[PDB]
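1. Everything below, folded, please.
(7 chains, ligands or ions: 5)
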Amino acid sequence: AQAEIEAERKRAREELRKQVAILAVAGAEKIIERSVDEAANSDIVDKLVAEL
Amino acid sequence: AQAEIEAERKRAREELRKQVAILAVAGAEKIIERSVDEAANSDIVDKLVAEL
Amino acid sequence: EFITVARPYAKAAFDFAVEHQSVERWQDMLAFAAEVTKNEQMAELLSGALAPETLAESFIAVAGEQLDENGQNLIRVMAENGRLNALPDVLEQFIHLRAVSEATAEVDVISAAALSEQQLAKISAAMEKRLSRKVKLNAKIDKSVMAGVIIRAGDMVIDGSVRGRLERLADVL
Amino acid sequence: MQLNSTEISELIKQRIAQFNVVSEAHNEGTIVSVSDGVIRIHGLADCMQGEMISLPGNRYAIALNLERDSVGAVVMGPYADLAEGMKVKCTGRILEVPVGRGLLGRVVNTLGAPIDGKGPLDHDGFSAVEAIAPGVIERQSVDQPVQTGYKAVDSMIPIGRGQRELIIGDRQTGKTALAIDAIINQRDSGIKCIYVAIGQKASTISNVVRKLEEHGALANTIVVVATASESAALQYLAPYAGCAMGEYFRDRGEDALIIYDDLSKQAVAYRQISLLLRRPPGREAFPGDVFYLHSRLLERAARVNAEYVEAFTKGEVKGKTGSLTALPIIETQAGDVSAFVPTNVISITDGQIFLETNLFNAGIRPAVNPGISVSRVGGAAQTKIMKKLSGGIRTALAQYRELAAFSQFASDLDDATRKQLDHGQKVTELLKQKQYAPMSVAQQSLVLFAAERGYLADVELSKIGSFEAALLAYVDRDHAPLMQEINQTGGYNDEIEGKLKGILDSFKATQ
Amino acid sequence: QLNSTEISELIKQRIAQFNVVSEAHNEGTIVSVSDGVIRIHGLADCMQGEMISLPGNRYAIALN
Amino acid sequence: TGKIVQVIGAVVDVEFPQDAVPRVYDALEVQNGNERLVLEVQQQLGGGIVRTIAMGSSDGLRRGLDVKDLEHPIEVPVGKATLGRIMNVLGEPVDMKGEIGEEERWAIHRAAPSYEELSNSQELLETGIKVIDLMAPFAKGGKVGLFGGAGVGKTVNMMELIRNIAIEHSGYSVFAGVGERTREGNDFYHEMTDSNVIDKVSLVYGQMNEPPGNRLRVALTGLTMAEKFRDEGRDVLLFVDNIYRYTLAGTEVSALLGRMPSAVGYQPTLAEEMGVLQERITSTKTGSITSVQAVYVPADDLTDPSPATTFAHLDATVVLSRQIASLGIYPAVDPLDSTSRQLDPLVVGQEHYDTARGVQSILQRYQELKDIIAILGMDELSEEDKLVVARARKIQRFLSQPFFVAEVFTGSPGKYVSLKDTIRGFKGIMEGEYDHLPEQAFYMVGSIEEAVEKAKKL
Amino acid sequence: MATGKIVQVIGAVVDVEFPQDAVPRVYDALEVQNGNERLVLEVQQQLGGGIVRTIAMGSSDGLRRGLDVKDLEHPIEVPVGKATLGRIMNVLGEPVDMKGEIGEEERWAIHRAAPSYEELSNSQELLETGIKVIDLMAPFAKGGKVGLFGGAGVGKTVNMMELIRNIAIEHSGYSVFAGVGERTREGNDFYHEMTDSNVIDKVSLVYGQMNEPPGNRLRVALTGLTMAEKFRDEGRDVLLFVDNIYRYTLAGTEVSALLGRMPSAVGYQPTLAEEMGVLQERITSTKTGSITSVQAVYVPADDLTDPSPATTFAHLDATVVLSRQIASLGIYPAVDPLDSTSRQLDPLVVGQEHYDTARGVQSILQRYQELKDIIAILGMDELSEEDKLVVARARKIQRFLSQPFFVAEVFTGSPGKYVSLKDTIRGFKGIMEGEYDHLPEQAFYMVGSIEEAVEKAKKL
Ligand SMILES: Nc1ncnc2c1ncn2[C@@H]1O[C@H](COP(=O)(O)OP(=O)(O)OP(=O)(O)O)[C@@H](O)[C@H]1O
Ligand SMILES: Nc1ncnc2c1ncn2[C@@H]1O[C@H](COP(=O)(O)OP(=O)(O)O)[C@@H](O)[C@H]1O
Ligand SMILES: Nc1ncnc2c1ncn2[C@@H]1O[C@H](COP(=O)(O)OP(=O)(O)O)[C@@H](O)[C@H]1O
Ligand SMILES: [Mg+2]
Ligand SMILES: [Mg+2]
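-> Numbering: from 1, shown residues only, chains lettered A, B, ... in the order given. Ligands and ions are numbered 1, 2, ... in the order given. Below is the structure:
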């Protein structure tokens, strides 16, 4: 079962990389009631995807 | 042996959540530090003084 | 630290100054007496084992800025007990008791960048409702916060900095 | 399947959405001193005694003094990285702990932070760590048995729901063995269990948790741990955090069982906290109020009547009485039960089980020393059958253990003392029991019948264990349903005594 | 650091007049009460072992 | 009018205007959240400061709270209306019934009766307990103390004395539970109520849950109720469940009140704190208080200051011991250490006195032999010292008795033994007329006839 | 740049005053030039007003008030890793032999948190030392603590060398020896007894002997420990010797008195159990490695109730007692089987055969004790023929507990033997249950396994 856990872990990790870029933006725009565009921050979210 | 597998599931799940959570906050911090500009700062302060 | 032994002397000096209307002269008298305690050559003397009346009379000599009866009498009373080093704290608690009696407050406003001088008016007006006292702002600039403002009034703070918001969110998770 | 990333991400997203960006006003102070775990804060005009003060990092201090100018506090964690000048913030909260039934099966720090790697708690709000127990009119008398597994304690030192029963002895005597064998047995009787480890070695705690999980008991226990490394304030406050979690079940009309692993090490941690604050010590250098420490703790293990449960729960629960049973463990140097702290605690509990190292080395295990061990509620906490069969057995063995030490040379009424120190010695041979082998009340009852009614006068000591091993299988073959019948009920009748002689005879003739 | 019965209004008196105007050395005033010991302020001429007379008809022995 | 200025544990400091300062032992009141807290002032410090003890939980108190000066000491309901009801230390009702319909309230701080008013009474009082009224008989209106470590039987003994005196006695009775288990207070309250004697007993409870102020002052409340019943002309029973907790609660508070420690960490005022209480619990010409007090002995050390200073305040001292209870011999009274003022030939008669002295003599001679018996064994004894040892062990057994309240522990039914019936039995054992019975024939029986019978059945 | 100034100096305690914002944290190090040479101060307490109270890791003579103090931003850091094998270091990790710089690559702070609950090894293994008496009567848990209660003259240090050797050769671990406050002479002659038995290449030494100031003798135990932790992080199994834990306790008491804290139970510091636990808790097994420890213990006034013994015994797992008598019989190692104990001896952990074998040999020996007591007063012939048999078997068991160490060849000339546990079980099962009754008792002396006792007898 440990090996199935490792497989599922790699799998879900490759899934979450999509989500981190969502959560970071939602957090930033919650903390500041000003919504914000993407383009000005593109290489930040792109590094967040990669650095997970 | 079955309980020992359930524990490992729970524990790997928690670790995987921890990573994404701290990346969410770090990303929101970088975005914030990149996106703020004087109108937004004033928008924040001018609101907080109203509930002050 | 002399915070606890200063309280009696601060209260007594303030009551006396209030009765005789000379609060503003007493504050200057205490400021000078506290300044002579910081001197390199005097802070040596105060540590010695001189007798109280000799230490007082050699301390009184270094100050002609003291109204001869009462301002010197305070020094003599303090010297009896061996507390002349408490003057730099009697001064601060005298200032605090005065600020209380004159219902005045001094609130710090810490910001990432200076405010518009129209914002400050609103902040001060709002605080003067938060407090019964007439406020005096002293705004400052700090780069650790990066948006919003910190208002610190005594030991009560109202925190609207984005920095505080980030580090308060991180703990929710 | 169940590591869905969508589940995780929505978990986080809900918090992000459930976030109050609103600013809040709070009261502030500065750290002015640091030494040996004690903090001295200047400011905090609005601090209240017993409060939680929050330091940088994520850690708390507890306010112990409100001096005229400064607040004295103790740090609940590593304090070494604090420094003068740091700011601190006053919460509005008197020291609090997460409580709920969601804690069952979790290993938890004394502040409620989970220390197993399984992530955040699910819990039903918070409870104050310091409280005053229910008053005299809210209690009820203890009337329900709590079966451990052991012939010795279930028959000589009965324990009842709502009782407090000290386990006292020397080191390496089977104290923890007996306590977790008490936990494991409640696995199947609707009692929630709690185990508080104070000042224990971390590896030993991991071994205990691993044994609880081995026998399936862990799903039913809360484990609060404050290891030998952790700050003295966490060890000092650990058992109050455990009672705060036990009282959740009590006040809701349920039953719980709580085990304080070493209340000697709590007393030591409190003595440290107290000497570091310059308080004048008393006997054995313990503070003046080391009685009040254990007193206000163990007095919370109570049984509360139905009206208290109704009033507390706003009428949700009707006609049920809650309870919380305690089994504090004390450690004595060289068998001294007349020291300061062992006798302070013998004076707070409703009995004691004294485990003697001479019996333990001779193989008599559990080494229950009758004549020093007692139960202050007595038979009222037993089933009817056990209450009849046992009787004076413990005073019988106190007799015997004076008499066998006096008659170390020779005897009189040699035949009479032959058949006395036959049974007054085969009892001791009978009450010894293996570890992790609990035996139901049915099984203990006929055994005490065999012993007490004189049937063992016909057997040599070396045979007793064989005798019982055979009898408990005999009655699982032949008299199979009477066991089921005694397990449900207290079950005593002259019919039952007759049938219980008919059980002996049909076996005694066919070993 | 702790006070020694230096308190607000006594200090204020001394502020207005350090050389206490000659006052009866044959009397003083209680400043503290606890567990049967009273601290008296004044009594310049009290002698050790002397009897001090309190309101009512009671006495104290001056020991310190 | 006052402000709080410090909060250390159970003691609180309050600052009042210079001319409004409270008197010692007055009561102040604070609003601790959604609660009302009572403070009793202990000391007047300089400058309008006054130092107090909190009669409640100290948590939650901020500095700067406003406290209200009630201008009177703590006062408790008193008299016939306080009868059959449970009360707080503050005189508040603690059972769920209504308010106490008292006509009068008394201050719990009082002076002891004058020497001129005391009274002296040789009227012996019988209790159906062999050892207590052979070795240490006590009189109507006298004081009794039960000294013992932890877990040796000084509460079971007190409940049996309650059974044997306080049901067979007409006047009222008072029970003060100072710093003991609430379980036992509940058990006692229901044992009373389920036999209808509750409505002649008044209860006060300051049990061990409660913060130091309650355990400190709860004894004076019971005494105040008993003194009211005494002054009405009645005669009263007063049972105090552990008087040691009244001074331990003083040791806890002492250091915070700024008093230097004394011999073993005790407050410096130990003997005065104890005397000013023990002195008002006495009979007088107008009425009499008969009392029984349980006196815990820490670490089993009878020379500790707190037990040591108490022996002087009691007329009958019954000293229980662990080295006897661990033989299963109950009541575990030590006859070489129990004593009574009443044990005189002129008070109990020559035969009772002489039997008691002979019993002490035998048991002491038996103590002297234990070291040689332990080293050289029992066969080196003179042919008549073996007889002393046999009669001493028989006497040690016969001192045991089955109590009615200890049925729950042992099954065996209780026994009541009259004095006439016990001096006869001990005179018999000493004169040698039961030398043919075995020791066990004497363990846990009533009179001597029941021993002569038990021997038949082994 | 340096920012503090000395304010007080009292014995070994020094108080230095910093700017209000730059106060050092606790356990941070400081340094001052005490004349020509630097002196290191360890912060213990932060008093009010920027003043911080410290204790000197060296003699404080010659310190003036107003000396400039420089704040190092970190706790005492010592060199760790393979570079330290065969080198002697003092508390500060400075080389104290004459061989020059330690070539280390890395330095660790000596103050550390114990392994978190979720790092601990999820199993309970045993350490096979290869010494028959120890492996039978008092097995070592891997990651346990072990007391060593021998006196003097019985060969404590040759046992230590035997373990230092076997744990390096048979397993592939290293070792650390921390000398806490013991005679310098012993340390020097131990350093020589190791260098000429070739084990010096496999052990790391650190020495804070009696001559040193209290601050040195207090922390030196942590230096050895933080070197053992480095060897553990490398995945190895380590063995850590503490030459007297009692002197660690006493150094704590001295420093506590210097700081002015109130005296506790028998004069011991108030922080006694925490000071012990924060050491004993860092040495455990772990998912990546393990540290075992053999700690010489000394009991004041022979009182096993004194707070220091009582606190240490809560942490020990095994306990081996050396005996003058067993050495006078010429039997080595001089371990006493009847007083030696381990709490690993339970069927649930060690198995039923090992447990019952150990209990068997113990019963045999403690009966032979009373038999040999009888013999001395009534002569041999008074004994039954069963008792003569028990004597003949006890003597063979007592011989078979001897062993030739690799390190003792200097003494006995016979080549050393490493005896597996399996073999000890087989051999003692044999000797007890009447097999091997047919060959002489000297065939067991200093032999090794039993398949060598039969061959020694073959030609005896
Ligand atoms: N009923 C029993 N039968 C046989 N062995 C037992 C029994 N109970 C306990 N033991 C053994 O006693 C040993 C010590 O027991 P245990 O650790 O529970 O004592 P302890 O009081 O917890 O010791 P410490 O106080 O050091 O924690 C254990 O190894 C256990 O195997
Ligand atoms: N007459 C008696 N018969 C049997 N047991 C008794 C008797 N008297 C006391 N005991 C035992 O004494 C133990 C101690 O109880 P208790 O009297 O409450 O002690 P304490 O005096 O400290 O409250 C009881 O649990 C009970 O078993
Ligand atoms: N295993 C052994 N083999 C041979 N001789 C030994 C052995 N152990 C001890 N000895 C003898 O006993 C002596 C013990 O000396 P040493 O190791 O210095 O003990 P200690 O350091 O405790 O004084 C050895 O020098 C040797 O004479
Ligand atoms: Mg244990
Ligand atoms: Mg009691």
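2. When you work out contacts or count neighbours from here on, use the C-alpha atoms and nothing else.
-> Fine.
3. Around residue D:49, how many other residues sit close by?
-> Neighbours of residue D:49 under the rule other CA atoms under 10 Å in any protein chain shown: 25.
4. just to confirm, which helix or strand has the nearest residue to residue D:285 once chain neighbours are set aside in it?
-> With sequence-adjacent residues excluded and distances taken as CA to CA, 6 or more residues apart in numbering or on different chains, residue D:285 is closest to residue G:265, at 5.2 Å. For residue G:265, there is no helix or strand it lies in under DSSP states H and E.
5. Report the contact partners of residue G:265.
-> Residues in contact with residue G:265 (CA atoms under 8 Å, 6 or more residues apart in numbering or on different chains) are D:284, D:285, D:286, G:307.
6. Quick check: it vs residue F:297, distance?
-> Using CA to CA, to the nearest Å, residue G:265 is found at 21 Å from residue F:297.
7. Ok, residue D:193 next?
-> In this view, residue D:193 and residue F:297 are 35 Å apart by CA to CA.
8. now residue D:344
-> To residue F:297, residue D:344 is 10 Å away according to CA to CA.
9. Residue A:18 contacts residue A:49, correct?
-> Yes. Residue A:18 is within contact range of residue A:49, at 6.6 Å (criterion: CA atoms under 8 Å).
10. State the phi and psi torsions of residue D:191.
-> Backbone torsions for residue D:191, taken as degrees, to the nearest 10, come to phi -100, psi 130.
11. Show the contacting residues for it.
-> Counted by CA under 8 Å, 6+ apart, residue D:191 has contacts D:254, D:255, D:256, D:257.
12. So the second one sits against residue D:161, correct?
-> Spelled out, it's residue D:255. Yes. Counting by CA under 8 Å, residue D:255 does reach residue D:161; the two are 7.4 Å apart.
13. Give me the common contacts of the two.
-> Joint contacts of residue D:255 and residue D:161 (CA under 8 Å, 6+ apart) are D:323, D:324, D:325.
14. Dig out what the first one forms beta bridges with.
-> Here residue D:323 sits in beta bridges with residue D:255, residue D:303, as judged by DSSP bridges.
15. and it, what is it in contact with?
-> Taking CA under 8 Å, 6+ apart as the test, what residue D:323 contacts is D:161-162, D:249-251, D:253-256, D:301-304.
16. hang on, the earlier thing: could the shared contacts of residue D:255 and residue D:161 be laid out in CSV, adding distance to ligand 2?
-> As requested, those are arranged in CSV below (distance: CA to the nearest ligand atom, whole Å):
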residue, distance to ligand 2
D:323, 21
D:324, 20
D:325, 17
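17. TSV please, covering those residues and showing distance to residue D:446.
-> Conversion of the shared contacts of residue D:255 and residue D:161 to TSV gives the following (distance: CA to CA, whole Å):
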residue	distance to residue D:446
D:323	30
D:324	30
D:325	27
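18. Nearest to ligand 1 among those residues?
-> Ranked by distance to ligand 1 (CA to the nearest ligand atom), the shared contacts of residue D:255 and residue D:161 are led by residue D:325 at 19.8 Å.
19. can you pull the contacts of the closest one?
-> With contact taken as CA under 8 Å, 6+ apart, residue D:325 is in contact with D:160, D:161, D:162, D:163, D:164, D:255, D:256, D:257, D:258, D:301, D:302.
20. try it again with 6 Å
-> Shown in contact with residue D:325 (CA atoms under 6 Å, 6 or more residues apart in numbering or on different chains): D:161, D:162, D:163, D:164, D:257, D:301.
21. and what of residue A:6?
-> Neighbours of residue A:6 in contact, by CA under 6 Å, 6+ apart: none.
22. Just the element for it, please.
-> helix A:2-31.
23. tell me which residues in that helix are buried?
-> Within helix A:2-31, the residues that count as buried by 16 or more other CA atoms under 10 Å in any protein chain shown are A:5, A:8-9, A:12-13, A:16-31.
24. cool, stretch D:263-277 as well?
-> D:263-276.
25. Pull the most distant pair out of the residues you listed.
-> Largest separation among the buried residues of stretch D:263-277 by CA to CA: D:263 and D:276, giving 20.0 Å.
26. returning to that earlier point: okay, and which of the buried residues of stretch D:263-277 map to strands?
-> Using DSSP state E, no member of the buried residues of stretch D:263-277 sits in strands.
27. now, which of the residues you listed sits nearest residue D:92?
-> residue D:273 (24.3 Å).
28. So which bits of chain A are right by chain D?
-> A:12, A:16 (CA under 6 Å from any CA of the partner chain).
29. Report the central residue of chain A.
-> Using CA atoms, centre = their mean, the residue of chain A that lies closest to the mean C-alpha position is residue A:20, 1.3 Å off.
30. Can you give me the neighbour number for residue C:96?
-> Residue C:96 is flanked by 15 other residues according to other CA under 10 Å.
31. Please report how far the residue nearest to residue D:332 when sequence neighbours are not counted lies from residue D:152.
-> Spatial nearest neighbour of residue D:332, chain neighbours left out: residue D:170 (5.0 Å); criterion: CA to CA, 6+ apart. Distance, residue D:170 to residue D:152, by CA to CA: 18 Å.
32. do the same with residue C:53
-> Counting by CA to CA, the gap from residue C:53 to residue D:152 is 81 Å.
33. These two: which has the busier surroundings?
-> Using other CA under 10 Å, the more surrounded residue of residue C:53 and residue D:152 is residue D:152, with 25 against 13.
34. That one is in what secondary structure piece?
-> helix D:151-156.
35. Is there proximity between that helix and chain F?
-> No. Looking at helix D:151-156 against chain F by CA under 6 Å from any CA, there are no contacts, and the closest approach is 10.2 Å.
36. Do you have the strands of chain C handy? List them.
-> C:104-111, C:134-141, C:149-153, C:156-159.
37. Specify the stretch among the ones you listed that is closest to ligand 1.
-> Across the strands of chain C, closest to ligand 1 is strand C:156-159 (CA to the nearest ligand atom), at 49.2 Å.
38. Just confirm yes or no for that closest one near chain D.
-> Yes. Using CA under 6 Å from any CA, strand C:156-159 reaches chain D at C:156, C:157, C:158, C:159.
39. Considering the residues you listed, which possesses the most neighbours?
-> residue C:159 leads the residues of strand C:156-159 next to chain D on contacts (other CA under 10 Å) with 22 neighbours.
40. Can you name the residues bridging to that one?
-> Per DSSP bridges, the residues bridged to residue C:159 are residue C:150.
41. now the residue of chain F at minimum distance from ligand 2: how far from residue D:347?
-> Per CA to the nearest ligand atom, residue F:153 is where chain F lies closest to ligand 2, at 3.1 Å. The gap separating residue F:153 from residue D:347 is 11 Å, by CA to CA.
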